[PDB]
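The structure's right below; bear with me while I get my questions together.
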Amino acid sequence: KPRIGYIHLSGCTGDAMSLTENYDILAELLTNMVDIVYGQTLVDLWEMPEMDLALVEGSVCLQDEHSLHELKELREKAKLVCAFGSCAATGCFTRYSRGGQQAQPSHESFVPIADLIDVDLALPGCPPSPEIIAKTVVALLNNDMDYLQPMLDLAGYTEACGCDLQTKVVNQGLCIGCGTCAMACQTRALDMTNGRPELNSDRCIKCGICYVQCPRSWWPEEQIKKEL
Amino acid sequence: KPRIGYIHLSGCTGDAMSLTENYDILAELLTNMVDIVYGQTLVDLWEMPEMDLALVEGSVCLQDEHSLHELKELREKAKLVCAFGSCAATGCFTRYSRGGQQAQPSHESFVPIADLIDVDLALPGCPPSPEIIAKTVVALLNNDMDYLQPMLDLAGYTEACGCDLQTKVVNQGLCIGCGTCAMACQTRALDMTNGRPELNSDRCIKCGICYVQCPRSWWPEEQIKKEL
Amino acid sequence: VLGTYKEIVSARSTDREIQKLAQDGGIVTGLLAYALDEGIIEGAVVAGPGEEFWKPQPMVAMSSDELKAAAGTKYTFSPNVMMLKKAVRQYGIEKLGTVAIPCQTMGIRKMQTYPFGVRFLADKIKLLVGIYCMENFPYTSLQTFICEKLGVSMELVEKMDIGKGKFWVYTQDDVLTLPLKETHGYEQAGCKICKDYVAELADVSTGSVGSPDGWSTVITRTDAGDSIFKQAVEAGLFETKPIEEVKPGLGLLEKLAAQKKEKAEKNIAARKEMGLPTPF
Amino acid sequence: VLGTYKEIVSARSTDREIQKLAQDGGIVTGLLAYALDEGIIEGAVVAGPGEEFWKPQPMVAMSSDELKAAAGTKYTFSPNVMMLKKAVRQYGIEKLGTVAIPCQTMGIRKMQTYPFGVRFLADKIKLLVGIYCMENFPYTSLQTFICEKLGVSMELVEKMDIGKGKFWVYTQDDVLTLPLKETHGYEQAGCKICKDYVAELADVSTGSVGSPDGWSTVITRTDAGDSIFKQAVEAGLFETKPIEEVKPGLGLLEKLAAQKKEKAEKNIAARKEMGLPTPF
Amino acid sequence: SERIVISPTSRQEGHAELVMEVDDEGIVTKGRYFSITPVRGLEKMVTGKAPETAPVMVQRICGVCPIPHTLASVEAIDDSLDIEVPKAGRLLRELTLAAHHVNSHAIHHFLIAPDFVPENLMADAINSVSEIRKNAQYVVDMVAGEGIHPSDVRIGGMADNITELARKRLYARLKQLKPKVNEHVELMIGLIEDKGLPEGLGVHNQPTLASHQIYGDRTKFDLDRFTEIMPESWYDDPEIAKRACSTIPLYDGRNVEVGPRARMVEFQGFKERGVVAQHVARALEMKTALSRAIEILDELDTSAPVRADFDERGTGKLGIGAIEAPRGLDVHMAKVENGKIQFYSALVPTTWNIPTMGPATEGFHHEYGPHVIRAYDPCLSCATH
Amino acid sequence: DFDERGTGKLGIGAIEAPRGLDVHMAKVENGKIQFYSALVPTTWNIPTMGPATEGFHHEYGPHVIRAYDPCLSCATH
């Protein structure tokens, strides 16, 4: 019954695919668990209804008149606006773009939606793992925010280098060389030279998963409840 | 007569050398233009006198007991504390460091002094060009802050990728492809693919000169007075 | 309006070669080449000619013959200013003069004011020349015009110029023009906020506008530039006729400059109203 | 104190090979190897043996023979957890069990709680084993001890263990020890704030402390781990004697765990008092 | 007894604390010199990172003797890679190193001038050093991109090669500079004797090391001879061993002082030894450098290519590059595997010295003792990195 | 194992994406791409799709387009 809305401004669309990944949940889930409205991909109504939460796949583009126009509309329409996938949350690979590729050589600038409009929560990943996306939906559906405390916090996150866990953590002297953050690389750009993480930029999309998954970056004592 | 003090926490020491570069000024300058006190390099008094301004060469290190101890002392001693050279201002190449090189394998974390203590102004560069350093000193000596408005602003700057003028400017759609920022690379890491700046990380020290020298990043109408 | 200036003139360089290949006046090439004779400048950095066709790649030419090759107009980003560190550093040049769009020009002066990690470069530039730029476009943005619009190869256009109220491509056996209103999408997002139609910063500024075809109007912003110009006119390289006398009226150029400011100003209000940072 | 646990025991694996090469108990190798038999785990990721001497590089071993090679203790960062994505992905493993320091262990559980871009991995770990770690040091930090302190090559030490109140290097024909107070500078800046001496998160936790030499004390934090352990003891691989009965008293281990918390807590106050960010 | 600690010792790059044990007369007995600067950790940071990076990160190790560091790193890397600089490319490197020696020495004089030169002179003395210093920079920056921290030198070549117009512009500047430098040294040489520090000051029995007067030869070096041992062994005190930030590099198990004094004795033939001798050696040493400067400059191809193309992915094999930094011998060893450095080690000229410096400050009344240390003109940032 | 620094020469790689033919051309010079072009299966289609939706009542017409199952993100990149 709760209405979930997902609008993909400019996204590889992996994020949507990840959503379909949680198969066991999925077949029932659209039907029973959640109501999906105003998804151009998943539905065909052109103008958005008020929606309990809005999921925005991709970083907005300043130049495109429509994307900007749509984003402004979205804030009123969605009681809660959540940006998911790095491309909405951090701007992701988009940042590397320098415009000037035809057609439309002009479109060169893309920014995380978050900068344009306050966003309640963004969960990043390229795409976000299907499970996290399912866990949030059940959480959002089941209305618990102890769980989503980390994400509400993550909405702020925006720019994120691979480079940054080095500035954000290893520099702080926080890093203990556990290796968790390298494992959380979709790109596989990060790897551990003894024993700290060393990453090679040629291959980093700035998704931000490594800053997020370091135990050091923020420790929830929420989980302890989950195991036991 | 005005007292300038420069304390180099952990710096390649280029910054000091740049200071000596302005030769025509220099011979007279220590003697007539300025008074230098409490510089271990340039003077031999161990405990610092109150000083009108303090110039700090290098990024502080958290682990080293002395550097931290010295920094706290410095704030009282220097009526104005200015961090110069990227290594004080942005943390510069230091950021790349992962500790664990003998002797003293432990020292792995270095942070721009600015984060530890509020700093009135930092002028970055690795080193700062001798002229800018001379211009500020005359300015500081001659007490004009219309000129140092940009630097007071720059004190905030801290972390700075090569990567960032792409996020900071080219993404914003500000960039016009003038090529000024590439010219302002000590490293030479930046170079212009048509027509935007493309930089290669293997070779960037995170000095921050490129963000600073883009006309787009901040335009002083101060200069117009200087030419004419 | 124009930036404060010492004088306004419309002039052409005397030499047959400069008239032959120079876009308008041939003043930039003529003024730059003369300085070489006088030696005020050891070398200058002039855009072109790039690996692509009609693609400019900045090059520092000590040789006058080289400046001539550079002379022409290519409406694309050529980051002239990247060279300046390179030119002063290796082909060591005590004083170097460069041709800069107003845009680049904005970039250099602050740097001369605030070197911030440019060493010794700042003193070295002797004469900086500013060329009025309404807007300029990415090579691809440019490429579309020549082909979807004009149905010609990038090879064929011997010269391309934006005539008043039009875009002109000159190809052997033809001239092809399309309206500017056609051009409106393509120029870079950055230029949307470029205030200065004329090069206010530049020591001397040269533009096609406000002068008859084949005549270039050069406005001398600063005294050093003025001096170099006075010397050249004494040289007789340039035939100079005071601007006001010759139609179109420089008032028209002034109007064009004003229009640019109106365009910049609102764009900034819109950018300012919006979150995204703005210089200016 | 200890993290909430199902039971505390001190046990040794039966097998001669595990006793021969296992650091203490030989429980991690024995527990891990048995699971392979039972098949609860398809493979596990166990640090070592690295390209350097006594340098651990994490490796996922399906083979029991391989686990035996892995078994031993190397006091350096081995980022075990990097493997987990790699092990599940290529040597496809439905359920994989790994040996994790408390530190790594902190890193995995949140991830299981908050995958955030780990796909399907999260379910896959079946038994995670936590090893008590007081502190651990960089390879170079370690290297100095063996040589400036013990005057031995990195080659010679067959096994290195930190005995209570001491550091022990075992080399053929000798055993060499230096006091921990000697050790104090070297361990990583990160560990300064590591709260958990025992592995509270880990399903079963094994440590040398609180058990006689050659006997390892295994504390079962969670039910799945407990089950695997109950099965193994039924197997008779491990000889188990309740912890309280055998000196040293597990109260001593408890005291050690408490000491660690006191150390963490003030460090955090100091870091909190200071600007620099802190988790926790 | 009583032990007096000077920290940090004044007038030298970085921070070192000298600890002294003295008899009642105050004649010192054990002199301990250690560098207390925090390690910026370049040797480690470079590892697992690309070859292209290694010269850029490494030179930041020391902004005074940046050119020697860059040269050493490139040489070590090119050697591991096996690139061959073309002769013009090789000549440009030597030309830059020479300009750098000249400059660096001048910087040292500015620093130690106050003890040596009367105040009436000093403003004039300082001015001259700036004058000599300013010309030398022109060469270092012009050949090598901006210097200090020139970014131009690169694996297997030089980024670009100076135009004949540039080379000519440079030459007059170097050739014209030759008279001033010659005089400048004499005044410096004249000044140093006047001080008359007690003869027999700063004499140590330690062996000197030199590869080449300017550009260093890798071949004349023994990995077999060389060893490095951590201060923890070398130092007397647990406190001092722990405090010291610098490894001691041992030649044939013997602490070694490498210097211009050392570079002269091995190559020039410089029989005299003293602290005064080290000072004298620094002057004549720049004197020699500057010559090569102009020498290489006159005979420069100016159109021959600088770059030699090379394959970055490397054989595991390690290579050593040794070049003479203004403060003494330097070597960089690197092994490139998979195109990213696997082992990187740098021994900087000061590093060699720091163990020898403490024994040197023994005997003569300690007020003297910092004078000995300052003669070595150590730059710690180099010693520790 | 391969050498990254490349001859100027361009090369084409074509593989069949679920939505239709795909090719990538790249030229690597100096170990950094100099020209890169991608034609994605949808790109080929988009011109043909408009002519396809002609004739039958338009309510049908989106049905034709949807049959091609185009993914734009591919078409535009």
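For reference, chains read A, B, C, D, E and F in written order, and residue numbers begin at 1 within each chain.
Just so we're on the same page, a contact is a pair of C-beta atoms (placed from the backbone, for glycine too) under 8 Å apart; a residue touches a chain by one contact, two chains touch by 3 or more.
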B-C, A-C or A-D checked against B-D; over half of contact pairs coincide for A-C
Superposing rotation of chain C relative to chain D, computed on C-alpha atoms, to nearest 5°: 180
Which chain wins if you rank chains by how close their C-alpha centre is to the centre of all protein C-alpha atoms? B
I want to compare two interfaces, B-D and B-E. Which one has more contacting C-beta pairs? B-E
Between the Cα centroids of chain D and chain E the separation in whole angstrom comes to 46
So, what's the distance in Å between the C-alpha centres of chain F and chain E? 58
Separation of chain D from chain F, taking each centre as the mean of its C-alpha atoms, in whole Å: 51
Using the touch rule from the top of the page, what residues of chain B touch 2 or more other chains? 18, 21, 62-63, 96, 98-103, 108-111, 126-127, 172-173, 186, 194, 196, 202
Give me the residues of chain E that touch two or more other chains. 49, 145-146, 152, 230, 232
Contacts with 2+ other chains: residues of chain D: 138-139, 144, 185, 188-189, 276
The residues of chain D that touch chain E in their complex are 144, 147-149, 185
In their complex, what parts of chain B are in touch with chain D? 62-63, 99-103, 105-106, 108-109, 111, 115-116
What does chain C use to touch chain E in their complex? 42, 62, 85-86, 89-94, 119-120
Chain A to chain E touching residues, read off their complex: 193, 198
Of chain B, residues touching chain A in the complex: 62-63, 91, 95-96, 98, 100, 108-111, 159, 161, 163, 166-167, 170-173, 193-194, 196, 198, 201-202
